[PDB]
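Each remark here refers to the structure printed beneath this line.
Below, all heavy atoms of this structure are taken into account, side chains as well, without hydrogens, waters or symmetry copies. Residue numbers run from 1 in the order of the sequence given.
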Amino acid sequence: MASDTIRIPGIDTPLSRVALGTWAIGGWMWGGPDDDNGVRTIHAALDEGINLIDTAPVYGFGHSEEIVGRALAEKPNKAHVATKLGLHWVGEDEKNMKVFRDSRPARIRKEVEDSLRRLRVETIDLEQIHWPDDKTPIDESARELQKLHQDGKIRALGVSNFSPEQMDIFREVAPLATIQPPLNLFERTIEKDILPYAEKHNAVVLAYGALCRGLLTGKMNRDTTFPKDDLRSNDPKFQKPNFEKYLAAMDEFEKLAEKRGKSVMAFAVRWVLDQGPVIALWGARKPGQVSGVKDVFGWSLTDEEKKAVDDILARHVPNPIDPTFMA
């Protein structure tokens, strides 16, 4: 029965193993009528049985959180909100905004107050350090967070983009409930350290980027290109000659998915779920983009499907050979 839900230590109700990611919801710092789609998107997520919404102050510099707070106030629900802290913005708008890492305790206390207000809650269900601050010892940050938990302002605590050593330091001072690392079929680096860490220390993994920036949607082809503005313009995976290798892998993944009558998009996300104690974050800007969530639930990859996946990767996108000699 427990293949569609998982418990997060410190939160009573089980969470759906797909969570709504909100980087495309109020992702611009100035709002407007377009905020209505974001609200409708959250509402659609809730109706698909998603009860975890992941957001962050940095998304639209408060705006995403405001939309989540708004949406949750308009529709009866039992959603849980995970948010983040540790990124500091200075400036007026999108043009001159400066964003830096800041996990100083005073900034932490302020960010929690701000998130409580924007989300319209009295307690944050899950608070995550967005990035490790190189200028503040992890200890200082975890100490502040553990205190606010005791004040009853936060339920569970997590981190993102921490090394195992950084997580060990955090855990000496505060209980670690979750870890938010990047993971997808084409980007499995965290398998070597983060996943085993999560298993050994009983943390839940909130995986982001399950669709590898669109490559795994099944909607790209040999003709897909990106604007100078688009991050993918300078991403080797989306460039000659690599892009075709990835597209090639995609065609096989697609045939594999077809055998189950699943889309490649749903297959890619289900793969992510089946790597461990994992919740996959699912992004959406409009309510339509949430319909596919349904396809992820109610099944799991067989060991043969998992092997086929590895076979497909090895056949098309084999890991680069290290420059240094190796016996």
Side-chain angles (χ1 to χ4, degrees), residues 1-8 13-25 40-55 77-82 126 178-188 190-191 195 198 204-220 249-310 312-313:
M1 67 147 211
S3 317
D4 295 344
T5 69
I6 193 172
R7 298 181 197 261
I8 285 180
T13 309
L15 290 314
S16 54
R17 297 187 64 202
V18 173
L20 182 68
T22 62
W23 48 79
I25 293 183
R40 291 180 310 105
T41 298
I42 293 163
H43 287 173
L46 296 171
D47 287 341
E48 293 301 327
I50 293 171
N51 66 342
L52 187 65
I53 297 178
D54 177 84
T55 185
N77 71 85
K78 300 292 179 186
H80 303 89
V81 183
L126 173 56
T178 71
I179 302 170
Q180 179 164 153
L183 178 62
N184 64 65
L185 283 162
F186 293 132
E187 294 174 331
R188 304 174 56 174
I190 69 126
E191 281 185 344
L195 282 182
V204 168
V205 169
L206 267 59
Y208 68 88
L211 293 175
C212 193
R213 302 177 294 290
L215 197 27
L216 286 161
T217 58
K219 283 159 57 283
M220 297 192 170
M250 194 60 44
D251 299 342
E252 298 214 49
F253 288 148
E254 193 153 33
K255 298 199 217 68
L256 187 58
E258 294 182 344
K259 300 173 196 180
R260 291 193 87 104
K262 294 288 175 170
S263 67
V264 71
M265 185 178 68
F267 192 87
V269 175
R270 175 40 70 167
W271 179 88
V272 165
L273 266 58
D274 291 333
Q275 297 314 109
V278 171
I279 293 169
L281 294 189
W282 178 296
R285 173 181 63 89
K286 48 184 180 178
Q289 294 164 349
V290 180
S291 49
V293 164
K294 187 179 311 178
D295 294 330
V296 178
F297 296 123
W299 69 288
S300 53
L301 275 61
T302 69
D303 288 339
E304 184 183 353
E305 278 160 332
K306 294 173 168 180
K307 198 174 202 172
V309 160
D310 298 348
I312 296 173
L313 295 167

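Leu52 CG to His80 NE2: the interatomic distance, rounded to the nearest 0.5 Å, is 8.0 Å. Atoms CD1 and NZ, from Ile312 and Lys255 in turn, are 8.0 Å apart once rounded to the nearest 0.5 Å. Summarising the geometry, atom CG belonging to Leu15 is positioned 4.0 Å from atom CD1 belonging to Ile8; distances are rounded to the nearest 0.5 Å. Of the inter-residue distances, the one linking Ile42 atom CD1 with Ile25 atom CD1 reads 4.5 Å to the nearest 0.5 angstrom.
Here the side chains of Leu281 and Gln180 are in contact, with some heavy-atom distance below 4.5 Å. Using a 4.5 Å cut-off on side-chain heavy atoms (C-beta onward), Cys212 and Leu185 make no contact. Side-chain contact between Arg213 and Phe186 is absent, with no heavy atoms from C-beta onward closer than 4.5 Å. Side-chain contact between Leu215 and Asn184: absent, with no pair of heavy atoms (C-beta onward) separated by less than 4.5 Å. The closest side-chain heavy-atom distance from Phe267 to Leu216 is not below 4.5 Å. Inter-residue side-chain proximity for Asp54 and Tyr208 is flagged as unmet; no heavy-atom pair is nearer than 4.5 Å.
Scanning all heavy atoms of the two residues, the minimum distance from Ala268 to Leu211 falls at CB-CD2, 4.1 Å. When all heavy atoms of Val290 and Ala284 are compared, the pair lying nearest together is CG2-CB, 3.6 Å. Taking both residues in full, the closest heavy atoms of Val205 and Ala198 are given as CG2-CB, 3.4 Å, listed atom of the first, atom of the second, then distance. Closest non-hydrogen pair, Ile50 versus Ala19, comes out as CG2-CA, 3.9 Å. Heavy-atom minimum distance, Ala280 versus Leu273: CB-CD1, 3.3 Å. The two residues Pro181 and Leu206 have their closest heavy-atom pair at CD-O, 3.3 Å.
Side-chain atoms of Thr178 do not come within 3.5 Å of backbone N or O of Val204 as any donor-acceptor pair. In this structure, the side chain of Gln289 engages the main chain of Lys286 through a donor-acceptor pair within 3.5 Å.
Around the NZ atom of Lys307, the shell of radius 6.0 Å holds no more than 12 heavy atoms that belong to other residues, nucleotides or ligands.
Considering only residues two or more places apart in sequence or on other chains, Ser3 meets the side-chain contact (heavy atoms from CB on, under 4.5 Å) condition with none of them. Every residue meeting the side-chain contact (heavy atoms from CB on, under 4.5 Å) condition with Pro287, not counting sequence neighbours, appears here in chain and number order: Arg40, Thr41, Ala44. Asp295 is linked by a salt bridge (charged side-chain N to carboxylate O under 4.0 Å, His left out) to nothing, counting only residues two or more places apart in sequence or in another chain. Residues meeting the side chain to side chain donor-acceptor pair (under 3.5 Å) test with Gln275, sequence neighbours left out: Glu191, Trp271. Partners of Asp47 under the side chain to side chain donor-acceptor pair (under 3.5 Å) rule, at least two apart in sequence or in another chain, are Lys75. Applying the ring pair (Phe, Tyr, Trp, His ring centres under 6.0 Å) test to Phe297 and every residue at least two apart in sequence or in another chain returns nothing. Partners of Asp310 under the side-chain contact (heavy atoms from CB on, under 4.5 Å) rule, at least two apart in sequence or in another chain, are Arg188. Taking the salt bridge (charged side-chain N to carboxylate O under 4.0 Å, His left out) definition, one finds that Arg260 meets it with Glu305, sequence neighbours left out. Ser291 is linked by a side-chain contact (heavy atoms from CB on, under 4.5 Å) to nothing, counting only residues two or more places apart in sequence or in another chain. Residues that satisfy the salt bridge (charged side-chain N to carboxylate O under 4.0 Å, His left out) test with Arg17, not counting sequence neighbours, are absent from this structure. Shown here are the salt bridge (charged side-chain N to carboxylate O under 4.0 Å, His left out) partners of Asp251, two or more places apart in sequence or in another chain: there are none.
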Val293 and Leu20: CA distance, side-chain angles, deciding distance, side-chain contact (heavy atoms from CB on, under 4.5 Å) verdict: CA-CA 10 Å; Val293 164; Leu20 182 68; over 6 Å; no

Steps toward side-chain contact (heavy atoms from CB on, under 4.5 Å) verdict (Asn51, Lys78): CA-CA 7 Å; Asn51 66 342; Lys78 300 292 179 186; 5.8 Å; no

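Residue pairs meeting the salt bridge (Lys or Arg N to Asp or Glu O under 4.0 Å) criterion with at least one partner in residues 269-278, sequence neighbours excluded, are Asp4-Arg270, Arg270-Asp274.
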